[PDB]
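First comes the structure, then the notes that go with it.
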Amino acid sequence: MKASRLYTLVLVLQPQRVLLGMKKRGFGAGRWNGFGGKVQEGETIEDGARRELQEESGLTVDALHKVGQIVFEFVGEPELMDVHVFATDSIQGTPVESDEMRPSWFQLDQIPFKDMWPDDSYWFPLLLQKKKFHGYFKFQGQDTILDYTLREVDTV
Ligand SMILES: Nc1nc2c([nH]c(=O)n2[C@H]2C[C@H](O)[C@@H](COP(=O)(O)OP(=O)(O)OP(=O)(O)O)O2)c(=O)[nH]1
Ligand code: NA
Ligand code: NA
C-alpha cells in the first residue's frame with residue numbers, strides 16, 4: 001500500500017451560496033475548488049485548514065467543522081493525497097485574490113461542477129445534505145476516474 005500525504009480542503013458554505021476559488025497555478029489549476037493545501041509539521045489538521053484558508057483566501061475563521069475525508073490516488077504517482085474536508089458558514093473578512101486562487105461566490109443552484117474536479121459531483125451533494133462522508137478516487141490524469149469508493153459515515 002502507498003504512503004499518504006495530508007491535505008486540507010475548506011468550503012465556506014452559506015445558506016444560498018458557496019465560496020470557491022479558481023486555481024491559478026499548480027495542482028488542479030483551472031478548476032474551481034475550496035481552499036487548502038499540505039498540512040505542515042506540528043499543526044493539527046484543523047489548524048492547517050484554517051491556515052490554508054487564510055493564506056489562499058485572506059479569510060479567517062475561529063472554527064471549522066470536519067465534513068469528510070477523501071483519499072486520492074493518481075496512476076503513476078507513488079503517494080496518496082489524504083484530503084481532510086472542512087466547512088464553515090461563518091467567515092471573517094472579504095476574500096482576497098492570492099497567488100493561488102481567485103475567489104468567487106456561486107449560488108447553490110449554479111455549482112460549477114463542469115469546472116470542478118470530476119469527483120466533486122459525487123461528494124459535494126452529500127456535503128449540501130449535511131451528510132458526512134469518506135471517499136477514495138483513483139484518477140488517470142486529471143479527468144478520468146478508474147475506481148472509486150464513497151460512503152456516508154456517522155463519524156468522519
Ligand atoms: N475538490 C477537490 N479537491 C481536491 C481534489 N484533489 C485534491 O488534492 N484536492 C484538494 C486538496 C487541496 O485543497 C488541493 C491540493 O493542494 P495544493 O496542491 O493546492 O497544495 P499546496 O497549497 O500546499 O500546494 P503549493 O501551493 O505548495 O503548490 O486540492 C479533488 O479531486 N477534488
Ligand atoms: Na496553499
Ligand atoms: Na492550495
Side-chain angles (χ1 to χ4, degrees), residues 1-13 18-57 59 61 63-89 95 98-106 108 110-156:
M1 187 165 80
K2 288 180 171 174
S4 68
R5 185 167 304 273
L6 283 169
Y7 285 80
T8 57
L9 181 64
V10 179
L11 284 308
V12 176
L13 180 60
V18 60
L19 184 70
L20 301 171
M22 169 53 66
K23 191 63 169 288
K24 295 209 299 212
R25 88 267 190 98
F27 179 96
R31 280 164 172 172
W32 294 102
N33 206 347
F35 301 99
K38 292 178 292 291
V39 177
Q40 296 174 11
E41 184 188 13
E43 73 188 349
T44 68
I45 294 176
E46 183 195 332
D47 284 338
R50 286 176 66 240
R51 181 186 48 71
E52 289 283 337
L53 182 65
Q54 187 282 319
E55 292 179 354
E56 295 197 340
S57 81
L59 294 175
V61 296
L64 285 174
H65 293 317
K66 196 170 185 182
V67 299
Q69 181 185 356
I70 312 169
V71 179
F72 294 101
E73 184 165 5
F74 288 84
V75 169
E77 299 193 29
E79 290 180 3
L80 305 173
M81 306 172 81
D82 180 17
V83 181
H84 292 250
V85 189
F86 294 84
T88 182
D89 63 352
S98 66
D99 295 336
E100 289 88 347
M101 288 283 225
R102 176 182 61 92
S104 184
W105 290 104
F106 287 84
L108 290 176
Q110 292 287 269
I111 302 160
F113 288 108
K114 74 182 197 73
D115 288 314
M116 292 164 80
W117 278 94
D119 61 285
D120 297 12
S121 290
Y122 298 94
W123 62 263
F124 202 87
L126 295 173
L127 170 62
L128 294 177
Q129 287 185 312
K130 294 111 70 201
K131 296 170 182 173
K132 295 165 178 188
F133 56 87
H134 283 172
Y136 161 77
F137 294 84
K138 173 176 279 178
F139 275 91
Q140 174 69 74
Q142 307 292 295
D143 298 336
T144 303
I145 295 166
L146 301 186
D147 183 22
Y148 76 96
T149 296
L150 182 62
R151 73 180 180 277
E152 181 180 347
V153 301
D154 294 308
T155 299
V156 180

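Along the sequence shown, the residues carry numbers beginning at 1.
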_Working note: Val18 + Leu108, criterion side-chain contact (heavy atoms from CB on, under 4.5 Å); need CA distance, chi angles, decisive distance, verdict._
CA-CA 7 Å; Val18 60; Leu108 290 176; 3.9 Å; yes

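- Taking the side-chain contact (heavy atoms from CB on, under 4.5 Å) definition, one finds that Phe27 meets it with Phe74, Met81, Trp117, sequence neighbours left out.
- In this structure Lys130 satisfies the salt bridge (charged side-chain N to carboxylate O under 4.0 Å, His left out) test with no other residue, sequence neighbours excluded.
- A salt bridge between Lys2 and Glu79 is absent, with no side-chain N of the basic residue lying under 4.0 Å from a carboxylate O of the acidic one.
- Looking only at side-chain heavy atoms (C-beta outward), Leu9 and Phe86 stay at 4.5 Å or farther from each other.
- Among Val10, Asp89, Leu53, the single residue meeting the side-chain contact (heavy atoms from CB on, under 4.5 Å) criterion with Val61 is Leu53.
- Among residue pairs with one or both ends in residues 33-45, those qualifying as salt bridge (charged side-chain N to carboxylate O under 4.0 Å, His left out) are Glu43-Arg51; sequence neighbours excluded.
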(message) Between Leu11 and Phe35, does the side-chain contact (heavy atoms from CB on, under 4.5 Å) criterion hold? Intermediate values first, please.
(response) CA-CA 7 Å; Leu11 284 308; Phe35 301 99; over 6 Å; no

> So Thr8 and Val39, side-chain contact (heavy atoms from CB on, under 4.5 Å) or not? Walk me through it.
Replying inline: CA-CA 7 Å; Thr8 57; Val39 177; 3.8 Å; yes

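- Residues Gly34 and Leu20 approach most closely at N-CD2, 3.9 Å, considering heavy atoms.
- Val67 and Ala87 get closest at one heavy-atom pair: CG1-CB, 3.8 Å.
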Show the atom names and distances, to 0.1 Å, of all donor-acceptor pairs under 3.5 Å that link a side chain in residues 137-156 to residues at least two apart or in another chain.
unit_1: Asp143; atom_1: OD1; unit_2: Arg31; atom_2: NH2; d: 2.8
unit_1: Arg151; atom_1: NH2; unit_2: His134; atom_2: ND1; d: 3.0

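- Residues satisfying the salt bridge (charged side-chain N to carboxylate O under 4.0 Å, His left out) test with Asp47, not counting sequence neighbours, are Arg50.
- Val83 places a side-chain heavy atom less than 4.5 Å from the side chain of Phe72.
- Residues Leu126 and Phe133 approach most closely at CD1-CB, 3.9 Å, considering heavy atoms.
- Legend: residues meeting side-chain contact (heavy atoms from CB on, under 4.5 Å) with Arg102, ordered by chain and number and at least two apart, are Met22, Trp32, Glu97, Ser104.
- Among residues at least two apart or in separate chains, there is no salt bridge (charged side-chain N to carboxylate O under 4.0 Å, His left out) pair with a member in residues 110-122.
- Partners of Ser98 according to the side-chain contact (heavy atoms from CB on, under 4.5 Å) rule, which considers only residues two or more places apart in sequence or in another chain, are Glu56, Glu100, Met101.
- Side chains of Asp99 and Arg25 form a contact here, defined as non-hydrogen atoms less than 4.5 Å apart.
- The salt bridge (charged side-chain N to carboxylate O under 4.0 Å, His left out) check on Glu46 picks up nothing, with sequence neighbours excluded.
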* With side-chain contact (heavy atoms from CB on, under 4.5 Å) as the test, would you mind laying out the steps for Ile111 and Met116 before giving the verdict? => CA-CA 9 Å; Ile111 302 160; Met116 292 164 80; 3.8 Å; yes

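- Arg5 places none of its side-chain heavy atoms less than 4.5 Å from the side chain of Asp82.
- The shortest non-hydrogen separation linking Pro103 to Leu19 is CB-CD1, 4.1 Å.
- For the salt bridge (charged side-chain N to carboxylate O under 4.0 Å, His left out) test, no residue two or more places apart in sequence or in another chain qualifies with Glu77.
- Applying the side chain to side chain donor-acceptor pair (under 3.5 Å) rule to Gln129 yields the partners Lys131; only residues at least two apart in sequence or on another chain are considered.
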